[PDB]
Structures are given as structure tokens and as C-alpha cells.
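In what follows, a single structure is set out as C-alpha cells and then discussed.
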DNA sequence: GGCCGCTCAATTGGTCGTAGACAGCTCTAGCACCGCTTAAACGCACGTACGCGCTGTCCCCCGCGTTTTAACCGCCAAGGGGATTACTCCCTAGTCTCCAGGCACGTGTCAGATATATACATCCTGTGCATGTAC
């Protein structure tokens, strides 16, 4: 989360950085799964094929 | 040229025996559950202390009503990739057998890490204040 904050041009850890920590690593992502993060949002995903040619 | 006469190879009908698998025992034995304790801690009833959640009027970017269009929806017919089903042989799944060995449980007694009485102390939570990060 602190690396996600520092990479995304910030320093104060907030729920978005926790969602970025959880969803970039498959073993956090399977451990938490269907649980939800207050104002963490969803990990960036403009879907393939819908991304224009 | 046609139909029925004697024989014997043929479906179609009731008791014997078994085996699965409950059903109800048919007890019976044992181990939990019930009984009637002795007892004390959590819950209620009770009030008390108070944020906290309802309910009042302000005010802007958001909600919502109409504009063309262009790419997406979905149709229609082509068209060729490929799934089903035809059929027989082949082989390994089923089945039960049985061994002999491992190891799950039984079950015995010993003993050590745990609960807990109570005695310490330092750990880390509410409030305040200093000041800098995301907007």
C-alpha cells in the first residue's frame, strides 16, 4: 500500500492504496475475495475488446 | 388344388428358496440424562448523563426533456467446419477375492502446561495540541 501510494504520486495511505495492495497480488485477492473496502473503489480495468481498435 | 389329421416343440400359469434391509423389536446394559441439591454472577430493573439522530430553510450542478446521427443490433442467407450417430472390435473397469501388513482406535497410568489466586507494574487509550498533506 505504501509503495502504491508513493508510485501514484502521493504519501498518505488511504483506502484506494489498500485496494491497490489487495488486487495486484493474487494471494491477497483470493484471501479477501468478496469482502469490500470502504471508498477503495475498483482496480483500474477498461476492458479488452471494448478498448477500441 | 385345397383343408384338416396326429405328433412334438412351444408360450403361458403357481411353489421354492434367498437376500436385501428394514421394521420392530427383544432385550439388555450402560452411560447419559434427570433430580434435587448448594450456591453466586450475570441480567434485569432502574434511573441517570447526553450525544446523537430527526427536522427547519438556503442554492448550483445535477436531473431530466428534445436534438441528429453513426455504429451498433440483429436480421437473413450463405457456406463450410464439425457433432452426432452409425457399428464393430478391444481392452481395462468391475468385482470379489484374499493376504499380510499398516496403523486407527482402544485403553491403561503418569505427569506437565494449563487455569487461576492474587499480587505488580508498565502498556497503551482518551484528550489535547502542534503543524503539514491533499485538495
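Numbering (the deposited numbering), first residue to last: 66 to 118.
Where a beta carbon is used, it is the ideal one built from N, C-alpha and C, also for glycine.
In this structure, DSSP gives residue 87 a helical state, which the three-state scheme calls helix. The DSSP-derived three-state label of residue 116 is coil. Listed in chain order, the non-local C-beta contacts of residue 71 below 8 Å within the same chain number zero, local neighbours out to five positions each way being set aside. Contact check for residue 79 against residue 66 fails: the beta carbons are separated by 7 Å or more. Within the same chain, Cβ atoms closer than 7 Å to the Cβ of residue 104 are found at 80, the five residues on either side in sequence being excluded.
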